[PDB]
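Engineer: Have a look at this one.
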Amino acid sequence: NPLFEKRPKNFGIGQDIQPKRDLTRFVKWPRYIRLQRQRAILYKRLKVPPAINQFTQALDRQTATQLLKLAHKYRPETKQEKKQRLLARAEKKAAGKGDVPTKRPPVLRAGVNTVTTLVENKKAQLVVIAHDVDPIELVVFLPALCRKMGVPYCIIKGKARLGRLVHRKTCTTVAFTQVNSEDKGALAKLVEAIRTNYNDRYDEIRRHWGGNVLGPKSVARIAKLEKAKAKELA
Amino acid sequence: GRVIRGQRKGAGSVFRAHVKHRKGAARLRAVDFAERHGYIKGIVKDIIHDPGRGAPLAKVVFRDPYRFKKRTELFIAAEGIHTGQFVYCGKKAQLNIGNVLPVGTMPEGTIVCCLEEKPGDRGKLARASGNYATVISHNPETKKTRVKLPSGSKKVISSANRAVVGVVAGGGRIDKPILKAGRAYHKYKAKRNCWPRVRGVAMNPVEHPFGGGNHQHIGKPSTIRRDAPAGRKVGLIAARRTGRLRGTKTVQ
Amino acid sequence: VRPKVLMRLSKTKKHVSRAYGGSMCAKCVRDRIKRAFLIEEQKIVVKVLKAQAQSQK
Amino acid sequence: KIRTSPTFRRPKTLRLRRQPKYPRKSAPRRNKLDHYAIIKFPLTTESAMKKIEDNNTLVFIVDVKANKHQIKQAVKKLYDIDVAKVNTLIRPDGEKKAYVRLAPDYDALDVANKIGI
RNA sequence: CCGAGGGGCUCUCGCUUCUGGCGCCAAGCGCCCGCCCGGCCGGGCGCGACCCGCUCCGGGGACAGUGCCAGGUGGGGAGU
RNA sequence: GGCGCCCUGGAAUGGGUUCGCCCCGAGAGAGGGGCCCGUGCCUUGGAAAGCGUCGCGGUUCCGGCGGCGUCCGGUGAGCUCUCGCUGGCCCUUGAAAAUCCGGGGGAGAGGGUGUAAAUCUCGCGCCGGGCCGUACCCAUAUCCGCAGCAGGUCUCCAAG
Ligand SMILES: [Mg+2]
């Protein structure tokens, strides 16, 4: 109240020192940063062929959540549970010598070299396929190959995320061969919700080119010429 | 067989410039937000002398907009500026002498020194003593102005090439004769190693294309083609004419 | 004296009791004081003469 | 986050301390230049003799890698005497000569008698 | 443009120019905790200091350059 | 000796000054101050030591022992060095850094009183200063020229 006073700082040209603002655009990045940013632009600026542009059309997150729920309890064998299973088969084999104790252990297969043999033999029933495989040619045949062999496929977001299902870092493809019978109506419920968007659209998704959009600083001045051209008429 | 004097200047052992007692590159200050959009105030503290330059320089200090600091530029000093003078710099700078401002805003027929040949170049054209350039013919669409270089060549430049109003100080320097061999020695002792120039006629055939003979004559025509190799380009290089001049130039 | 002998001295033989003691010459001190007064006072005058132009236009 | 500088300087990361799981040389080597290797013998010339009783300084010849601190401790410990100052020299055969002055509490002409000369 | 207390076919930007001074490390306002039984301390955040965006900003630009081949020129140089 | 430092005060009938200049209403002359260099003198050192001279001891270490003296002035376009002032010359403008200091700011810090704190670039007192070079010639005989070679080879001091 008595002495405390406002004392503002003029920040125009030729007055007090400009305060420490954000500056997060105008910062000289390392060259591993701008190599990493200029090529994300450069998949948006070149004309991307429709074989690469099979991707960027992935499943929406309500469908990927149901799909990872269905793929959760088909989780493969890890080495902790590989110990006790080789007990539990053989401790009863020491005690009863069962001719067949287990009829069907079901699992989801993983690996592009594994899934490929399943599709062309038509053993797989749903092919989740990744998004960001670093040499894209490791995967690009397989949406074209799932169509001809009639096996349904679906593009999910992130090769890291389905790699966590298999207790690994990335796994790039999983496939459903032998699902449980009581839960077939959860695998078959989402397959027409999937093969609408991937198999049946293959006559159209093979025509659709990608990329070829200019930057916002240059697609604005195209529009500023057109807004002049709309004023040139009216 | 021996290489000639003109070829030995490019390696630069004893033919480098004498760049010790010089004071720095005379450059206009680098552009930022202030000179693009307003003006910035600067005061000139001293008027100095480069060795080997006949133009004097001026050292101008500027209040930094970002750091609490002052910082010092070196200008090609326009003529008629003094110490303790305010120099203003930028787009909304007022056209007085010594101020530096874009050529797209100053009107036609103004007299300009130290202008950029491309935006950001910090001053390249008309920097020697007595020189200036005139602006003519603005073009507001496809923003580009033309200027008149001190060689009489008209040249189109950008609209935003930043440039200081006025003529360079030190003009009239070539009106006094050197008048004796010693003052040409001190003139080039501060610049380079080029001054005692032996005529190529007065040497041996190893040392020049024109040397030799029992008389001092050239023998071959002194005009050479432009694709002539290094070692033969001596004399009048790719000349369009010779002899004492008729007219002023009469050829673009 | 020389610069390194100035390390031996005490700050009574190294400056003067004014403001800007062993730096400025006491007649440009005298002018810097007058220059700071007379032109901050006109930044009241050109402020308030500008301030009476919006109120009577 | 904001980046108030236009510069990306690399972040301060953690730097561990070298704690290996075997020593590389298995044993600290002993000092070859200890206090007997310091001081070889005393000098007994005529100029070295008349600097003992006139000056309270006794003259030795020292190993060439010894500084005047090592000489000051290697004469105080061997001969049990206080040392004021040492003045060394490389005499042109290649051996270092030291001029060790004693405290005024001591004498040199009798310390020289109990070290032989 | 019209007209009515106003609307925005159309627009400008704006916050430093009589002078050899000074200028940063936030005042202020808004909130929140530990702190005072509806009062006292010690801390933190936002606005002050607009939002979003895909290249640091400009100037060129499919030219210039560079790689290979061809044709001119080439006592600069080589061998005879 | 120097000041381009200050105060009073105001100058034409213009004055003050230099070997030459130059300076003055943006403050002359005059009066009183302030600062810088003080390598000169006095004093402390320091007469106890040095030199000159006279005289006596001591074989020997003896930095013996004693007496007396080491005093006045003058002068200079002198020579050499130095410090300072002032001009001239340049299309020639005649180095960098390490180091060190002062100022501007004012984040803070400090005892809380009829007692002492933070701080001190003040006066003392305490401890340490390691490594390497050092002799001698420097040349009509210690260097190079095959040599004690009329050759060559960078400087300083300099009397009548
Ligand atoms: Mg000639």
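Since chain D takes its numbers from Swiss-Prot, the residues it shows come out as 39-155.
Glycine is no exception: its Cβ is also placed from the backbone N, Cα and C atoms.
Quick paste from Swiss-Prot:
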| type | residues | note |
| --- | --- | --- |
| MOD_RES | D:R41 | citrulline |
| MOD_RES | D:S43 | phosphoserine |
| MOD_RES | D:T45 | phosphothreonine |
| MOD_RES | D:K70 | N6-acetyllysine |
Engineer: Starting from the Cβ of D:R41 (citrulline), draw a 10 Å sphere and report how many other Cβ atoms land inside it.
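Structural biologist: There are 15 of them.
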Engineer: Taking the Cβ of D:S43 (phosphoserine) as reference, which residues of that chain separated by at least 6 in sequence fall under 8 Å from it?
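Structural biologist: None - D:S43 (phosphoserine) has no non-local Cβ neighbours under 8 Å at 6 or more residues apart.
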Engineer: Which residues does D:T45 (phosphothreonine) neighbour through Cβ under 8 Å, counting only same-chain ones at least six apart?
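Structural biologist: Expected: none.
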Engineer: Show which residues of the chain containing the residue listed as 'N6-acetyllysine', separated from it by at least 6 in sequence, have their CB under 8 Å from its CB.
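Structural biologist: Looking at Cβ-Cβ distances below 8 Å from the residue listed as 'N6-acetyllysine', excluding near sequence neighbours, one finds none.
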Engineer: Measure from each Cβ of the modified residues D:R41, D:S43, D:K70 to the Cβ atoms of chain A, and list in sequence order the residues where some distance is under 8 Å, or 'none'.
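Structural biologist: Only D:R41, D:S43 pass the 8 Å Cβ test.
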